[PDB]
Structure formats: C-alpha cells, structure tokens
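# Examination of the molecular architecture
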Amino acid sequence: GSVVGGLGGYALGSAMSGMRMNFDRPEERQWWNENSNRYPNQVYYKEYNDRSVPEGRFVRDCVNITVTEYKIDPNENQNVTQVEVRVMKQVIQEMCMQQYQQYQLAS
C-alpha cells in the first residue's frame, strides 16, 4: 500500500502531537522511552450512528479499531509482551478519548 495504516472506511483522527504519558507501572514507561515503535500520534475511528456516546462505549471500540490495524495481540502475533500491550492501550485510549470528543463535533 502507498501510505495507509488501515483507513479505507475509518474516519481517522489528526495526529495529536509529540505524544506522552506517565503510566501506572514502570515497565511500559521504559518501553515508551525505548521508543522505536511508539507508533504514530494518531488513531482510526468508526463513525457511529448512535451520536450520543460517552468516553466509555465509543473509546472501547475505537481502541480495538486501532490495535486491529496496528496488529497488536499477544494471542495472535505471539511476538508481543504485556508491557507493549499496556502502552498501546493506555496511550490509544488517551489518543482515542481526545478524538472521541471530535465525534461529537463532526457529529
């Protein structure tokens, strides 16, 4: 593919910028600081029909979307560890929680 992470029917967010986090355990912080595959500053979202959702309903699917297109499962890939899962959850929920608000603004 020329330059597509997975869009093709997802409404993607903007690439937020210079992403950060504090993290609840140190392992995932050390991995964030490791960088190399700290991923882009972006996520992909499905636009819903329901148009009245909270930070729960929507984000929980929106994270699942982005981890699908990023191909992150320790029970599929077998080459991922529950440090990187925790990064790419905490961070994708945060970058999905910002863009969740845009779903109410794009409407």
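- Method of determination, as given in the entry header: solution NMR.

## Thoughts on unusual backbone geometry
- The residue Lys71 is not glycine, and still its phi comes out positive at about 50 degrees.
- Mapping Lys71 onto the fold places it in the loop between α2 (57–69) and α3 (82–106).
- The class for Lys71 is exposed, based on a relative accessible area of 56%.
- Notably, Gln78 is not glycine yet its phi reads approximately 70 degrees, a positive angle.
- Assessed through its relative accessible area of 66%, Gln78 is described here as exposed.

## Focus: helix α1 (residues 26–34)
- Looking at α1, one finds that the buried residues are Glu28, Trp31 and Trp32. For α1, the angular spread of buried residues about the axis comes to 105 degrees, placing them on one side. Every exposed residue of α1 that faces more than 90 degrees away from the buried side is listed here: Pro26, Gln30, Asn33 and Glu34.
- Here the buried face of α1 lies against α3.
- Two residues or fewer after α1 comes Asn35, characterised by a positive phi angle close to 70 degrees.

Rules and cut-offs
Residues numbered from 1 in each chain as written, not as in the entry; some residues may be left out. Heavy atoms only, no water. Helix = DSSP H or I, 4+ residues; strand = E, 2+ residues; numbered from the N terminus. Buried < 20%, exposed > 50% of the residue type's maximum accessible area, 1.4 Å probe, protein only. Arc of directions from axis to C-beta. Contact = heavy atoms within 4.5 Å.

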